[PDB]
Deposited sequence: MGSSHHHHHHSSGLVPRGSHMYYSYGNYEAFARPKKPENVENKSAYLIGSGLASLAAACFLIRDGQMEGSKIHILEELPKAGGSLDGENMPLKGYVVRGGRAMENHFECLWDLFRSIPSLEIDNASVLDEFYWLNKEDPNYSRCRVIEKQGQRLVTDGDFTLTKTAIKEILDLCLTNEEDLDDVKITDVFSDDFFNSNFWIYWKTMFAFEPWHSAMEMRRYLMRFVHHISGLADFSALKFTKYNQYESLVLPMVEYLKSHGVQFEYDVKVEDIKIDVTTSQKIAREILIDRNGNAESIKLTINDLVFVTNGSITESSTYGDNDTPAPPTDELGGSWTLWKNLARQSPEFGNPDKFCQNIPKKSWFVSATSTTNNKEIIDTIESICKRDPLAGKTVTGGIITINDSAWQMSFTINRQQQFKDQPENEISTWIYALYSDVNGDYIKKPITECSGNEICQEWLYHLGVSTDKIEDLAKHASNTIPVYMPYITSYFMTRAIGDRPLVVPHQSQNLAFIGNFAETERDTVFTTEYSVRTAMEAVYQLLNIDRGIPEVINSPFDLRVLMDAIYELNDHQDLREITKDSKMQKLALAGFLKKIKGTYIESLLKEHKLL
């Protein structure tokens, strides 16, 4: 139905024929976020649309870290795209090459993932400490149809054993799950990343770009698009799109914009495609400084207002209110980037992560979680420096806190009432810095910039099938929805992969491109991977240990083992350490 899914090298390496009649078509891409950028690259590369017919409408005209960071090997659509984007750092190489080599020579992993009691490593760090009841809850969730998970919370499907496991510590902090978030999305994550469970506790599965996501992913694509003549249109806010929703078709007819404070309108025909990135987790963000809190806001911005205006033209365009209203005041809102050249801080980090922060390699290898922090705070030092023109004596630490309405342990205030230096103080406290030194180090030996993001948890809010518009709604002729609030099967939002996937599916479907789209990696269907998951989830126990204290399963196991003794199934189980 205008696209199909594939895997393996045949479809990966094959090139689509130029799509029919693309020469008389144009594209309008609302926003210059990564999904729109990705949709424009696919239009250039696989649609062979001329860049002059491709219009990226962005609101803006013309340290803080984190647009994105962690990636994995099985970002199948992202790597398809970025093998074709030249590096801005290596000659005759793609962003993929740069990244692939970088991560070979300095492969990621954490030497200390969770701390407590002011800088001590958690004694069970590395184990999931899941009881058999918790594991059963995990499988039961995977065995639940997604259809049966409308509006279901994480707390509805897990008991306290689960929430007391180390597993949950590692999972909620690395992915930013709150207990009230969508069990649907939690389920997709479990199945989506099962091949990396072996790397969950020590982040051995993660891979990072050289610099921040903008210097390493966005700018390369902007440059790719500029060299192909893509028209970037600034000072343009898209307020509405008039869509004709009939019994047989949906056609976007008109883009209503404010172009430099002036109300204008872009008339569309059936051959003008519109790519809407609906919803935004970064909109309405505010910034503090070392002595000022990022001020809280519940303002809807352009992105949310546009989706709401689209949603009033058809329920098939989604339900933005499920995502941008009723966000619990406890949710993550604040992140901070703390910069310092102070040797005591840097040295304290080294004595925890066991790596020289200033060496230019992995440091924390991903977030260290402060497990007994009131704020449920985690922080990471990536490869330093994360910016191109930053002094090589400086580190930049990124801090976030899952709980926003709880007094700190040292700064007895909610993070939303904290200046940069105060967030720094709470962090240094949990690092174990002598409290007699913390205040001055935060105020005069560091600079910490907080950001308040009202919608940073928005992707994970409990939802129902239908709350997210399909990438190409039923009967849509020239309208697609892209990014992490659009609907596609199996893949997990809050990833850059999801933004590139939806962009590729939108371009391919709307132009009818005759090439397969890589399916979400088939890990949860791979018996090899499933064998490993059991092994790892049970903290490296074989099937005899797993069933030890249970009469019913040790009898079923016995029967099974008599049946499989000396077979290939036995050999597989042994290779995967289950026997």
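### Message
Should a student be asked to find the unmodelled regions, what ranges of the deposited sequence would be the right answer here?
### Response
Counting from residue 1, the stretches without coordinates are 1-18, 81-94.
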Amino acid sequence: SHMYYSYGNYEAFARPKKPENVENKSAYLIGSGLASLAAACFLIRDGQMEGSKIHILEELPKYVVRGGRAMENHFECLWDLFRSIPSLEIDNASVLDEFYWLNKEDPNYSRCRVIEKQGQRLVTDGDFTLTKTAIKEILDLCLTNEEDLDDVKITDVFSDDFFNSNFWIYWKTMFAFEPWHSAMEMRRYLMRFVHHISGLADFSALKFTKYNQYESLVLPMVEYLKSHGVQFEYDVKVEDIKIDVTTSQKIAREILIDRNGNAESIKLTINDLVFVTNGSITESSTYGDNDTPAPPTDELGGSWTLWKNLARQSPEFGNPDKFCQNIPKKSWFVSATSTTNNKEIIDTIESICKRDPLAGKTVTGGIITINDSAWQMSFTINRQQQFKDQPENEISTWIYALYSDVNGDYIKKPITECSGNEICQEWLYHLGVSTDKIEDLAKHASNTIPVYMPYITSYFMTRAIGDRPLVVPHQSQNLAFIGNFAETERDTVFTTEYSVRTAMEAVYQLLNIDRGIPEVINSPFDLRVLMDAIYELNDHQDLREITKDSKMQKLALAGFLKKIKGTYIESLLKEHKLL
From here on, numbers count along this sequence of modelled residues.
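### Task
Can you let me know which of the two, 160-168 or 378-386, has the higher average C-alpha B-factor in the entry?
378-386 has the higher mean C-alpha B-factor.
### Task
Look over 464-472 and 285-293 in the entry and identify the one with the greater average Cα temperature factor.
So the stretch with the higher mean C-alpha B-factor is 285-293.
### Query
Based on what the PDB entry reports, which of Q325, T416, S338, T144 has the top C-alpha B-factor?
So the option with the highest C-alpha B-factor is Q325.
### Task
Name the residue from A533, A38, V65, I56 with the greatest C-alpha temperature factor listed in the entry.
The C-alpha B-factor peaks, among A533, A38, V65, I56, at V65.
### Query
How does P16 rank on Cα B-factor within its chain, lowest, middle or highest third?
Within its chain, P16 is a lowest-third residue by C-alpha B-factor, going by the deposited values.
#### Entry: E89 by Cα B-factor - lowest, middle or highest third of the modelled chain
Top third by C-alpha B-factor.
### Message
Is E185 in the lowest, middle or highest third of its chain when residues are ranked by C-alpha B-factor?
### Response
For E185, the deposited C-alpha B-factor lands in the lowest third.
### Message
Per the entry's values, where does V245 land by CA temperature factor relative to the rest of its chain, in the lowest, middle or highest third?
### Response
For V245, whose C-alpha B-factor we compare with every modelled residue in the chain, the answer is the lowest third.
### Message
Considering every modelled residue of the chain and its Cα B-factor in the PDB entry, is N9 in the lowest, middle or highest third?
### Response
Lowest third - that is where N9 ends up once the chain's C-alpha B-factors are sorted.
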